[PDB]
Structure formats: structure tokens, C-alpha cells
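Shown next, in C-alpha cells, is the structure this report addresses.
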Amino acid sequence: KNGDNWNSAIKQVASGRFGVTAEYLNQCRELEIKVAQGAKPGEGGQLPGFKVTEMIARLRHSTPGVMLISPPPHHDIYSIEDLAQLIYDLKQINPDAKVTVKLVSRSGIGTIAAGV
Amino acid sequence: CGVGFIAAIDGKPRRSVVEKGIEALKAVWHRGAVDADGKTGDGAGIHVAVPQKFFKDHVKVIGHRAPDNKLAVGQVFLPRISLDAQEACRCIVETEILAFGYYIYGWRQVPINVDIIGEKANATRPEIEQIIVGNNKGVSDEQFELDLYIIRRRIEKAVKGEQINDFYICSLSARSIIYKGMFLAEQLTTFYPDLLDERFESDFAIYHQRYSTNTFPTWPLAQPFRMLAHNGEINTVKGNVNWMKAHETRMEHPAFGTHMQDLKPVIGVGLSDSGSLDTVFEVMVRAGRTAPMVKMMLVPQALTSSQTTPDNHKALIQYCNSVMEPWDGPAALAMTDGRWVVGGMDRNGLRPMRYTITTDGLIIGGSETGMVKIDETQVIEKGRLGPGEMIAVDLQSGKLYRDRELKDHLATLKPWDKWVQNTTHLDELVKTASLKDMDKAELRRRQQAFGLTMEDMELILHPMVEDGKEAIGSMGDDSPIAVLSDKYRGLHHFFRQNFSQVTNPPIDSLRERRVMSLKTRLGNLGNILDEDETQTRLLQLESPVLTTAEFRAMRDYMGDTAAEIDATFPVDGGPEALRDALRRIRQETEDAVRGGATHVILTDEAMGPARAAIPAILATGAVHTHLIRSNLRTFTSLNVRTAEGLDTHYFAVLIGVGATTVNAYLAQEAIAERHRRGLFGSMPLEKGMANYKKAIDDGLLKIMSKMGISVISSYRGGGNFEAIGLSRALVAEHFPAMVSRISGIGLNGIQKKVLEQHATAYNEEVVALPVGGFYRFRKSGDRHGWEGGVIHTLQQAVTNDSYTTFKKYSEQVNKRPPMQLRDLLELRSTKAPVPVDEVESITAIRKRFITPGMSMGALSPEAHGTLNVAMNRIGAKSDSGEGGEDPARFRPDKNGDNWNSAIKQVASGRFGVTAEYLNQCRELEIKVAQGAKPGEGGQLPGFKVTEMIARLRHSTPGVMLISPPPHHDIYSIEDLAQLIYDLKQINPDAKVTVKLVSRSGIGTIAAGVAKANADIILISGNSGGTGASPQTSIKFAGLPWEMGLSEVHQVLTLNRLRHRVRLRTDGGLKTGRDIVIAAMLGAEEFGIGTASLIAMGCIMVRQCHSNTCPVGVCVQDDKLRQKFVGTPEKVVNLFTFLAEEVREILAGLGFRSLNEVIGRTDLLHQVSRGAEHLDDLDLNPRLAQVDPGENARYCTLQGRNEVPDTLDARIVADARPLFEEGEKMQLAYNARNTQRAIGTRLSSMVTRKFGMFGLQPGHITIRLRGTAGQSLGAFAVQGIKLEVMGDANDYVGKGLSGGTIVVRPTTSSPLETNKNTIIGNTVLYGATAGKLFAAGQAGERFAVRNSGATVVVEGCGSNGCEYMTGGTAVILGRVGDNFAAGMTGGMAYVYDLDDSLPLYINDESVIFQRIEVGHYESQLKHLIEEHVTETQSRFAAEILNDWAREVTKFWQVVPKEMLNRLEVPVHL
Ligand SMILES: Cc1cc2nc3c(=O)[nH]c(=O)nc-3n(C[C@H](O)[C@H](O)[C@H](O)COP(=O)(O)O)c2cc1C
Ligand code: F3S
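Respectively, the protein sequence lines represent chains A and B. When we follow my numbering, the leftmost residue of the first sequence carries the number 1, and every step to the right adds one. When we follow my numbering, the leftmost residue of the second sequence carries the number 1, and every step to the right adds one.
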């Protein structure tokens, strides 16, 4: 009511697919795809046991007080063709948003850049 | 437009100064007008020192040997068309230079670039050359400059003496040089490539960029002049040039020598006002005086009778005003000598000026602050200039003198207190002389001799001596003009007063009487180029009106030195008695003057049954003009008696023509007679005489302030009038420079009428005075325009739908004898008639009609609503008026009507003006004046302000409301272009229409307004009604609208601007023939006005100013409002009938539509009255037809005229998420001075979206870096917040309604907050609600007409909180002069450290005291807490720390009207 916009303008599609939902993908302007980040490029994001509250369980559709660790590989990205298919899917489900990949700087990234 | 000066304090030549000057020139394009092509401007110029090394190297390159003494350079514009004229001009210059024996080094042709100048300013481009002269005789510099000045005068004279036009010496000296032209101000440095060389170095630079009012340019009329650079306009130019012509005969000095006989015509011919000002300035400087002294003597400071000024400056000002008469008007001067550089203001403080000091000893002054860029880490003092202030720099000693220090250094030269002590003010003289009768028969005889009536006499005389004020009319005058009458009318009916509309504003009289002077000096004229206490040995009077007692005292004083002259002529003389009488009195007074008599007394006590009296106006004019033409007026002070003077207009016109004092003895005789019969009651004779004298003085002050003049010493002999209905020969022979565009009766008719009246008076034994019918109607005589029969016939025709009755009404209206100018005309055509059906549809001409607005405070809201309903039903456009409008009227009706308007007025009061109120409309209207009162403004009596109008106007109930005459934000055409910019910014779908009043010379203002991006002009005649106005204003002002309309159309077509602006006239239209004639003259839209009122109940009772109008139209009480009998069907039928008659007459003419006739004057002809024998009124110039060329005479483009975009656009694209979702936003930008009206378009958008108060405060915030332009936050609604870091220019916070503005120096400022200026003038003009927190000294006219806003400022200027009505203002520190004058509602809190407030404040309607109630203490505490939280000012925190000790230092200012109506008692 006070002109406060609490929504998030960029949404993420990570390797966990915790809160992804048909309604969650239309409240945005740009969607982002997560491959790896600068701290844990291989093992994916993790969340401790005593952190997840009941609200976290409702957000992530899970059991309260359990250790949640995201699977390292995107189970639907096993090759670059899978990446193209996933971008097709995302652009189909959202008719007006943009897609974005997220890489980590390493040698031999040129071919990956050209592919994406 | 703008002037500016950059000076170095040390006094060393350098390049950075010229660099800064050119940079300042390059950023002023926003103020000056724009063109269509972008290659022509109004004129620009720079004035710098002479680069000695540059020309020395040039001469060395030529081949000569450069000497060591200085080298003078002179710039000349030679004619370019021919070739042999250039040769003769060079020969003239060389033969007048080589006379003094100097040596010439040669000429030079400055290279210029001729692709920048547009084609218009190129057809009159002169050939620019320079001449280099050198001193081989070896004289000092002062003699050198004096000789060069004398050489320039001699050259100008010898060239003028040969009719060699277009030859101008711009500047010839060895210290200064001038580079001026007609190019754009920006391209200066790319037009004169000489200025690009880095070898030009100076220590002072003065730049000017003017603002023209004519499409045809002229090079020599482009500022700056030799010793001056003026911004504004000088009103008193005619009186000043006349008195200069008088003084030209006895001014001499041993410095010049025989060459003084060359400089007799000190003022040339064909120069503008600033030109004459500059030439007199240069003379008085070269004579030996210094620059500050002559600045004081030409335009002095207002001699206040207060204890704010010590006696030193008081005696100085007395001497200055004793030497020379002032030059009133708005003027911000930036002049320079060879030694001093002075900036100064006028008496009132209208134009703006701001200066800044750097750390490296450099001072930069100009009109706006952001014109030059300086880092914040180098400013030392940002100042301003109040009324009459001045700041100077001395280059020889290298010092900077501010106001008080310079005033002291001036007043410490000569013993001014002793010199001023040799005067004599005639009060103790009459007091000690007081220690040392006419029968009623001859009294009535003479009263009938001079045509005085009885009822019209007491109706205007008894209210003068009863309370001390003047009468009040209630409706527009339709009496015949001075020449079309058949009864006797004195000469004063033939002179209409003047006024200023746009070029310069009028002056208020009730709240600015401190700055007006009515002093009169006798025996004071002398050598202005001499300085000795002999000049302060004269006679002083407080007012030029004298009763018989003081007149006898002065007569006994003068005694034998007077020379009394007759003013009578034999009645039995031949057909040429008046001319011989004039010649006789002329020779008599001239011989008396040559006889050493220093006084002339015009008296006509020799009237009897055998000799008639000459109208004193004519005698005074003849004597004055003859004493001027015989080089003798400088000797004798003219003294005049009369037997007719009764009203203020008579005394005004009698003093304006040359007289010094007027004594009306017969009126005092009549007053004493009326007292001896016991009519006033218990009032003594002396009290009545005092009231009468006060009334005459106030009338004179009103007539002076009508046109922006504050000194009677400069109005005398000015000829600021217009004679309508007189021959050209007589008005050019026996009167000063005036204007009479149409001719009139000559000497024969005057004598005939005088003799006939005298025969009716004395030959027959008249026993009682007639009843008279001038003001009111009577059956005896004095025919009018509206009559009983006509009113009844109109009412019947409109109430019975009988078109035949309307035809009979029109026939009755047209058959009357000629009562107006157009009645002397007759339309004709040679084509064949056409069946009536082919004429365009009735609705097509019905849509060309409007109804001029009337304020809601004047007439009852029922009639206003009826007009609006009828107009919104028929399809035409109505007007809301001046008193705002009801908000709930913004919704349609269930029956198909709408109680809204289509045109909103933005007057000089700004009552209900709000960002919303300017949105529900189509055509904004900016009222400047009207026909019933040109220079008074709208007024509303006391008891007509009920609670409804109180909640509408945000005012106090039961108290009078008189709007200020001048627009506090329109002081010149520059501010008017600015205001039109703001108004077109706030509303995207409106066309801004200006209103005008007919007068002489309106063409210049017309062309200016056309160039100022206006859309619709509106010319009004003198026959417009009102709700309340003085009688002199109604009967003795304005001209018929035909003359003005013809003039404005011809001027707009001449400059090829007519196709860019429509035209519209109003005032006294009843029939169809007048509409067709108005269409023929050039009008396109017509307003009917009061006629509609008569079709609604008004039957010309003329009691609207008493709130008891019988039928119930102009009323504000319950009982009379219920007697309303109006109906919109009446107005519908009225407009239907008008369109029907127009259709019929246009069919009879031989055309088919209105587009075929607009702009044609070759269809009119003139028929005269041979039996009247009067000199045929030469209406020929009113039929002057100029060929339009290719653009049609009526043509106009579709839609409003475009306008450039400001920063607001960049916001509305980056804030679109706000207009689509409604969320908080914070934006940041850099703000230059060129950007104007930052943040108004967003205000309009949010007003359309959420309304006035739809968003909570601070819903969207904007930060601005640098220097904001003019009109910051104009009409910002609640929810917007603006915060600027730096300084604002002017007009900041205008029209604020709910918004929030914050100004503050940036965080790195080394300055002191409460010791510098941060904003401009007229801050918060007519705001309604919101807040304004600042840190610094404001400007003059701070928070005028404020009502509801809350403002907190640290120190302000003069006229603070003037005319306030509500809200709260918290001032910290020193306040200006004349503070809280005329305040009516609200409250003020001042912080005084020296208890100086009781000396500056105005005790008219405010009381100042100490704070006692804890409630107000807590309120002020909260306000200061909020202010210091917002801007983090250190002074506010320091106050809040020591609050328990500062609660006593505060003073409270409370209006005299809210003493009991307030909830909490302000006094315990
Ligand atoms: C009673 C009355 C009140 C008026 N009030 C205003 C006013 O408040 N502001 C204004 O600009 N003109 C005012 N006018 C002038 C009209 O707008 C219009 O110019 C004038 O009445 C037309 O002249 P007319 O009487 O011949 O029709 C008023 C006129 C009358 C008769
Ligand atoms: S004189 Fe005025 S008050 Fe009404 S009756 Fe006529 S309009």
C-alpha cells in the first residue's frame, strides 16, 4: 500500500528446481539459468539441517528440519542440445521474458561461449 | 535577455576574465526569444578593455614605430550600400580628428563571417571599420579621454548636419572597446574572430543580450552603450527629456571651454530610452563627477521618513533629489567609468541581480546565478541586491565597496547636513502667518458658468469631504465620447489617462506608499554641472494642492516678485478672439519673465457678465510650451488658480501639462457654503478641508501609480495622456509631445461651446443648478447607451421567442443619432445579393461566440452557473472568471447539463489557482487588465465575502479583498514568455490567451506577445463593466476597441505574424451590424457579455457594490438570491437571434461565409454630420489596409503552438513504472540553469492519475545537482519531493499546492548558511498548501499572496510576507524593509537579535508581540525540529540547543483580523 515493491524482478532456474512453478515463472522480466558459481562450481548449493524452518519447507515443498543438498548436475542438461531444448522450453512457457546462463570463469570457455 | 559583469578586484589585465565573459554569453539562449530559422536574434554585445599590445604589434607589422603612451581605437559603422558616402564619412572623421593635432596610424577592417546572420538582419548590415589614433603631443590620460569625447560629439553633429544616414561611432576611447551586433548571443565569438586571439586581456567585461519587440532589426540600437548597459525600460522618458531640454540652456563648466557651445543638444533624436539615459550619464561623468555620485543623482534611493537610515545618507539623498529629477521604472544598471565599476538597482527592486565572489579576487554578477561555472570550493560570498542598493569596484586602488561602506564613503565628502539646512518647508510659514465670503447668487452663477451640475456635484463631492475617500461606481460607462455630445463638457473629458500593461508593471499604492514622493520644489532649477550649497536654497511643499490659506501665505512670501496674468477674453469679440487672447497672454508672460520676475500666476478672477474665461488647461499648456521654446522655463515656477477644479482627474491633467501647483478656490467656497448650512453635521470646516486635501492627494497618487511612476517631480510636464477628439495642429502646437491618431474639433468649436454655456449661465437669471445626467440617467439630458425602453424590449423579445420583436429592438438601437465611432461608418458592397439559404449554417456562426467571464465573488453563483449551463449546452465556450470555481462543479448533470466552464482566468490575484484547476479547461486566460479599470485590478467589497467565497478563495471572511494591481511575476516581457512557458507546460491540451486594453502604441506590445508563443489576443474597449471601481477609472481611461483592434491587426500583419495568432474583441456588442464591422476590422471571436446579463434580470440598477441588487444577480445574501428569474433558454434564444441577424446581413451584403470578409476594410465608408459643423473626425487611418501577401489575413494553424521540452520528459520516461503501478521512486539528475520549470509535467500526470492529494507525501523524490533554473516546482501536487543541492534562480515554488521543495548548499560548502543568498524573488507566489525548507537569505517579495503554505527561511528581503492570507512562515535572522505590509491572515515568527523589528515592520494591519502561550511555542519547536532534520542546517541545531534561552528572542506577527476568531487565544 505504501508503494513498496517487494517482488523480485529476476527469477532463477537452478539445479534443484525447488520452488519452480507455472505461477512463479510469470512474475518476472528475465529468467536465469544456474550452472555453477564461484565458490562451489561442482557440488551445487547446500543448506544445513537446523536452518530449514516451516516457512522454508512450505517454500520448497519439503519436510521440516532436514538437510537439503541440491544435486550437482542439471538432470535435464546432459549436453548442449539439452541446453538448447531447455531454452526453447523456458521461452515457450514465458512469452515476454529473457533467458540467461551463468558460467564460472575457467580456461577453455571460448567454445562454451560460442555454443551458448 | 540579460546583462552581466565580471571584474577583477586586484586590477591586473588577464585572459580568464574575457574567457568567463564569453562563457557567460554562451548560456543565456533560454531567456531570449526564438526564431523559425535559427539565424537571427535581437542583439548582443560585449564591452572590454583595449588590448594595447595587440594594436601595438599590428602597427609594428604595418611598419611604423609604436610609441610608449597609450593608443586609442575607435569603431565605426559606415554605410554599406553606396561607395562615395563612405569616402565622405572617412573625410569627415579625419578632418575632425586632425583638428586637435593628433596623429593617425591608419584604419583596419575587422574580418567577420557572414553565414551566421540571418537574411533579415543582413539586409541592413553596416560596414564595420576601426581607426587607430595616437598621442604625439603627450598629454595626460584624462585630457585625452575628454578630447576624444568632444571629438565624437563634433563628428556626430557634423555628420547629422549632412543627412548621411546609417553612420554610427560605437565607442571611441583609449580605455574601453565595444563589440556589438545583431547576431545570436551564442555565436558572438564565432562572428568576431578577433576575440579568439589569446592576446586580448582585460580586467573587466560587461556583456548584454537584449530582447527586441519588433521584427525589423537595427544595428546601432544594440546594447551596450559607451558608459552603460541597461536592462528593463524607463517609463519617465518624456518628462525627463523635456526637463533636459529645459536644463540645456544654463549648464557650463570651465573644463570644456568654448566647445561647450557645441554640446547644447545634449540628447539627440531617434534614440531609445536607455540611449538618452546613457548620453546624460556620459555627460555628467565627463563633466568631472564620479560614477557612484552620478548614479545616485540620476536614479536615487527612495527617501524614506523612517529611522532605518542615519541622517548622513538622508541629507545626501535630499541634495541628490534637489539637483535632478529621478528616472523611475524597472532598471538593473551595470555601468563603468575608467576607474569605477558599479552595479545598481532602481527605487522599487523589480529586476533581479545576483553577484558572487571567488577566492582569486574575481567578482561575477548577472541576472541569473548559474550563468558562469565556479567550483564550490572557491566561493566566498553569494549576495544579492535589494531596492536602491549598489555595489562598486575601484580598479585604481583595487578595492570592493559594498552598500553601506560605499554610502559612507560618499557621504563623507561634503558637509551635506549643513548644505541641506538652507531650505524652507512651508509649514511653519503658514503656522506663523495664521497668527497675523462669496454670496450664493454669484456662486451659483459661476458654478453654472463652468457647467457644473448639482446632483453629479454632491454625488462626487460629499463622499470626498465626508470620510476622505472617493466614490465607487458599479457598471461600465456607455456615455458618449467627449466629441459626440450635444451638451457642455470641460476639456478634462478630452484627455484619457495612460497606463502600462506588459513592458513594465504598475505600482501598488496602499502597500508601497513609502517609496512615493509628492514633494514640490520652487526656485530650485540651476546648473546641474555645479556643486554648491546655493542650490539647496529654495521653497518646499508637501503636495501641489493648496487651499486659500496656504496660497495666501505663499503669495505674501513672494509678494512683489510675482507677475499675475489675466485669463479672460471679451465675449463680444470677433470670430478669432481666443487666438488673440492666447497670443496676448503668451507675450505678457514672456515679457514678465524677461522682467526678472521669478513667478507667473495664472488667475481668472476677472470673470464677469462681459468677459468669458479661457479653459485653464489650454492657457497652462500654451504658457508652458512657450517658456520651454524660449529657453526661459528654467527660471519661473508656474502657479495657477482656476474655478472649475473639483475632481482628481482635473488636477492630475492640470499638473501633467506643466503647472507646478494648482489652487481651486471656487470648490472650497462651495464646500464652506455647504458647511454653513449644516450638512456634514458636527464636522468642523478644517476637518472637512483636511479630508478633501487627503482625498485629492490619494487620487493623484492613484493616477501616478497607474503607469508605474512614484515621483510627482518627474510626472510634471510629462504629457502622459492621450487626446481623443482634437485637431492635430492644435495638439501639436499648444501641448507637449502627445498622440491623437484621429483628428477632432479645433479652436472654433471650443470658443462656440464656451460662449454658449456662458450665455446660458449669465444672460439668463439661473436660480438652481440642474440635476445633471453624466453618471446616472435623467430625462433632462445626457443620453446613454442602455435605456428603459430598450431593456424592456430586449427582455420581451428574449422571453417570447419573437424574432420580429428582436428585429424591432435592433431597429430602435440603430436609429439613434451617432453615439459611437462605428456609428459614423456605413458598410457597402458592389456585388449582387444572394438568397439567404446559401449563407453558412446558424450553428457555424453560433460557434464563433463566447461570453466574457465575471468573477464568482461579484455576482451570485446562480447566474454564473446559468451562464455555464447555457454555454456548455449550445456548444460555444464560456469563462469561469477570477474568483476561482467550485470543485464539485467538475461533474456533469443527470439532465444533460454541466456546471463547469471552458476558459479559466489566471489573474493578478491567483485565488483558486491549483494544478488541478488548470486542467479541466481548454483555453487558459491570463488577465492583465480590463476596460473598467486598467491599472487597479479586481476588487471585492467587505461584506460580499460570505463563508462560501471564504472557503473558495482561501481567505478570511468579512474582510475586504483588493487584488494587487501588477502581476508580481510579470515585470517585463521576458517574465511573460517565461509564464506562458510554465502554463503551456502544466497543461498539454490548452492554448494560452492573453487579455489587453486598447490604448495608443499597442502595436509594439502586440508584436512582442506574438513572439512570446501566445495563441489568442483579446482586445477590450472602455465600455466594459465591473463589480466595483472608482469613478475616475471608469470614465477617464481606455479607448474604444475599434482603434486598438485596427492597430493590432495592422501591426501583426506588418511583421508577418498574423497567421500565427488569432484575434478576439469584446465590450458593448448588442446588434449584428457591430459584429459584422468587428469581423471586417480583423476580429475572429466575439464576446457579448453584459447584454446576456440583461437578458437574465439585470436592468441597470447599479447597486452591485452594496450587495442589495433588486432582481438578485449581483448579490450574496439569502433573501435576494431567491428572486432570480433566469433561464438558459433565454441565452440560447439570444445567441440564436444574433446568429440569425448576422446571416441576414451577410446575405444582403453579397457574400456566403465569414471567412470571405475577415480582414477586409475596403467595404466600409464614412458619412458625416454636416449640421454639427465639427471638424470631421479623420477615421481614415482606421481603414488603412495593408496587403497580406501570400499568408491570408485570417489564416491560423491547427492546434496550439509547440514548445521545446525540458528535463521533465527525461523523467516521464524513466518513471513509467510509477504511472503503471504506483510505487515509490527516487531519481537523481544534474540541473543546469537553462532548464526551466523542472517538475511540472509530472505534476500534471499525477494530477490526472491520482488527483490533488492521491499520494502520500514523499511518494516520489528527485535530487538535483548544481543550479536549478527558473520556476522550480511550479504547481507541484502532494506526493512529489524535490531536493536541489546548490542554488535556485528565481520564482521558485510558484503555485505550490501540496508538494515539497528543499534547497540546501552542498555538503562541501565552505560558506556560511545564514549569511548568503540561495533563492530568488517572489518565492511561493500564491501557493495553497505544502512546505518549503531552505537555508539562506531569500529575495524580495518573499512569499507574496501566500495562503496555506508552510515556509521556513533563514533571513529574507524587503516586503516579506506581503499580502499574506494563510499558512505559516518562520523567518530566522534579519528581515527586510516594509515587512508584512497589508497582511490579512496567517502568522509569522521572526528571530530578532538586535530588536530592530519594531523599526522595519508596518503597523497597518499587523501586531508584533512576544510568544506567551505554550501551544504556539510547541508548534514552532516542532517546525524548527522538522527543518533541521530536513536540511541539517547548523544554525537551526545551534538554536535548538539553546532553545530555553532563545524562546525570548523570538517575535510573533499576527494579523489584526484574527484577534478573536482563532481557537486558542493568542493573548493570555
Ligand atoms: C459585473 C462584471 C464583473 C466583471 N468581473 C470581471 C473580472 O472579475 N475579471 C475580468 O477580467 N473581467 C471582469 N469583467 C469584464 C468582462 O470580463 C468583460 O471584459 C466585459 O464585461 C465586457 O464588456 P461588456 O460589458 O460591454 O460586455 C466583469 C464585467 C462585469 C460587468
Ligand atoms: S445594475 Fe447590477 S446588481 Fe443586478 S439589477 Fe443590474 S446587474
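Virtual Cβ for every residue (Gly too), placed ideally from N, Cα, C.
For ligand 1, a non-hydrogen atom lies closer than 7 Å to the CB of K927/B. Between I745/B and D1176/B, the alpha-carbon positions lie close to 8 Å from each other.
Rounded to whole angstroms, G1266/B and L1272/B show a C-alpha spacing of 13 Å. Chain order gives the chain A residues near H1259/B as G3, where near means a beta carbon separation below 8 Å. The segment 484 to 522 of chain B is shown to contain whole beta strand (DSSP E) runs of 3 or more residues at 495 to 497, 520 to 522, in chain order.
Using a cutoff of 7 Å, the CB of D1066/B counts as near ligand 1, since one of the ligand's heavy atoms is closer than that. Runs of the beta strand (DSSP E) spanning 3 or more residues and lying entirely within the segment 319 to 367 of chain B occur at 331 to 336, 340 to 344, 354 to 357, 362 to 366, in chain order. For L1093/B, the distance from the CB to the nearest heavy atom of ligand 2 is below 7 Å. Going by beta carbons, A72/B and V133/B fall inside the 8 Å limit.
Rounded to the nearest whole angstrom, the C-alpha separation of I1094/B and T1071/B is 14 Å. By a beta-carbon distance limit of 8 Å, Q209/B does not contact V18/B. Their separation comes to about 16 Å. One finds nothing in chain A with a Cβ atom closer than 9 Å to the Cβ of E1220/B; even the nearest lies about 12 Å away. Shown in chain order are the members of the segment 1224 to 1254 of chain B whose Cβ falls below 7 Å from a Cβ of chain A: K1224. The nearest non-hydrogen atom of ligand 2 is 7 Å or more from the C-beta of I601/B.
The residue from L410/B, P111/B, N135/B, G138/B with its alpha-carbon nearest to that of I128/B is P111/B. Here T1065/B carries a strand assignment [DSSP, helix/strand/coil].
No alpha helix (DSSP H) of 4 residues or more sits fully in the segment 871 to 945 of chain B. Here the alpha carbons of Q1409/B and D1395/B stand approximately 12 Å from one another. Counting of Cβ neighbours within 10 angstroms places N631/B among the exposed residues, the total staying below 16.
Here the alpha carbons of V1370/B and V1352/B stand approximately 5 Å from one another. Every alpha helix (DSSP H) stretch that sits fully inside the segment 126 to 193 of chain B and reaches 4 residues is listed by chain position as 141 to 160, 188 to 191.
Ranked by how close their Cα comes to the Cα of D486/B, the residues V754/B, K314/B, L1069/B, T625/B have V754/B in first place. Between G1339/B and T1317/B, the CB-CB gap stays under 8 Å. Within the model, the alpha-carbon separation for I81/B versus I169/B is close to 18 Å.
When secondary structure is reduced to three states using DSSP, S727/B falls in the coil class, being assigned neither helix nor strand. For the set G938/B, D969/B, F1435/B, the Cα lying nearest the Cα of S474/B is the one of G938/B. The DSSP-derived three-state label of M371/B is helix. The shortest C-alpha to C-alpha distance from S202/B to any of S972/B, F5/B, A315/B is the one to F5/B.
CA-CA distance, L747/B to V640/B, rounds to 22 Å. In this structure, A1349/B lies near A1329/B, with their beta-carbon atoms less than 8 Å apart. When secondary structure is reduced to three states using DSSP, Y1325/B falls in the coil class, being assigned neither helix nor strand.
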